[PDB]
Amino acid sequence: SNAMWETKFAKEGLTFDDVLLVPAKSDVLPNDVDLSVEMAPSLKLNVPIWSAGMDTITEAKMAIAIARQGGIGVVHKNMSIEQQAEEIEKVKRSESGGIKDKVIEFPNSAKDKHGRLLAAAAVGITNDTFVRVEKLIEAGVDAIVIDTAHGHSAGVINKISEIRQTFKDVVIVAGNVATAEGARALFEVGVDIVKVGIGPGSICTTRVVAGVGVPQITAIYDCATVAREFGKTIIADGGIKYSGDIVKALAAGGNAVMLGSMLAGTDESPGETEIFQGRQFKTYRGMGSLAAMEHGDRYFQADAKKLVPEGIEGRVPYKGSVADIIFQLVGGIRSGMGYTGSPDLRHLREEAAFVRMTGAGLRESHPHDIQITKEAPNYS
C-alpha cells in the first residue's frame, strides 16, 4: 500500500460556499424554464425536490403537501410496517388536482399513471426489509428508498441485490454514497437512483464524530459522472441552506435535491409548533441523534443500534406552509436557470460552468455592510 501511502492527501473537495455559477448567454426567461425531471421511467417530478426521510420532516401530511407542489416525499421508517403502509395509503387517497375550502388548484402536482399523488418510503437493512417493501408496494408506493449511513458496504449491496431480484419493477433509491466507486457499486446491482451525501446535513455530526466525508459539490460531481455512464439519476442529499445551493447542486450534476432543514418547521412537517418567548418554533433532529434512535408506541425492527450518536437535536423557527417555501425555492431556481441560459434541467446539468472563490468572495456574495431592517422571504 505504498501507492495508497503516497496518495493519502491528493484529492481535493469543494462545497456549495466554495463556488458560484457563471452567467451565460440566455434566450429563456425565468418564467418559461422547465423544472421537470424524470428520475426514472415511471417517476417524473415537476420540481426537482425530495423531502427528507426523517421523523421530523416527512409523514403523510408532508408527502401530500410536497407532491401537490410537484415534488415527492419520503415517508420515514421510524414506525411499524403497518403504520408506514397506512401513511402511503393516505397519500395515494389524497386529492391531487384541487380542493375547495375557496378553490385551491394544484396544477403542478406530481402524480402516478392513475392520477394519484406520488409518494416514496424509506426502508432499512433489517430482517424484515422484504416484508416492509412488500407492504409498501401493495400500498402503491412509487419508490423505495434504501436509507443507510454507508451505502458502499457489502451488507447493504447484498440486501439491495436481493430486493431488486424479488421486486423487479419497483423504483429503487439507494444511499448514501459520496464517491464514484460507491455510486457504481449501487448502479451495478440495479439501483435506479443513487442518493449522494456523507456528512453535509445541517443536523449531523458524522464528519466530526467519525472523521469521514466528502465536500458535497465534489461528491455530487463525482457520483453524477457515473450516473451519466449508466443513464440513471442521483439525488443530492444534504447541506442545502439557500435556494442558490439548489441551483449549484443541480448544476454540479444532481438530477434532484433532498431537503431536510429547508422544510423543517413548516406546517406540514410532523409535530406541532411551540411558542417560546413569543416566538414560534418546531423540532428538527438528526435520525442519528439520541432522541431519534430512542423510539419506543408500536413495535418495529430498527437498524442496528449505533454505539454513539451522529446527529444532534435542535429547533428551527416556524417557516409557514410548504407551498410558500417551495414557491420561494422555485423562484430562485428559475432565476438561476435564466442567468445560466438553461431552458431545462438537462442544460443546467450538462452545460453550466462554475467559478471557484475564497471566503472573501463568499462575504461579497451575501449582503454585507448593511443593517437589514426586514427579513426577506428567501433570506431569513
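Don't overthink the numbering: it's just position in the shown sequence, from 1.
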| How much of the deposited sequence is absent from the coordinates between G296 and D297: none, 1 to 3, 4 to 9, or 10 or more residues? | 1 to 3
| said: Can you count the deposited residues that have no coordinates between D101 and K102 and report it as none, 1 to 3, 4 to 9, or 10 or more? | reply: 1 to 3
| note | Looking only at C-alpha temperature factors in the entry, 59-67 or 311-319, the higher average sits in 311-319
| On average, are the C-alpha B-factors higher in 362-370 or in 12-20? | 362-370
| field | Candidate residues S269, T233, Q301, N176, the one whose C-alpha B factor the record puts highest | value | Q301
| Options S243, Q277, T206, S202 - largest CA temperature factor per the record | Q277
| remark: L290: CA B-factor among chain residues, third -> highest
| said: Which third, lowest, middle or highest, does the C-alpha temperature factor of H114 belong to within its own chain? | reply: highest
| Against its chain's modelled residues, does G140's Cα B factor rank lowest, middle or highest third? | middle
| task | Check where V47 lands among this chain's C-alpha B-factors and tell me if it's the lowest, middle or highest third. | result | lowest
| remark: For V28, the third of its chain by CA B-factor is the highest
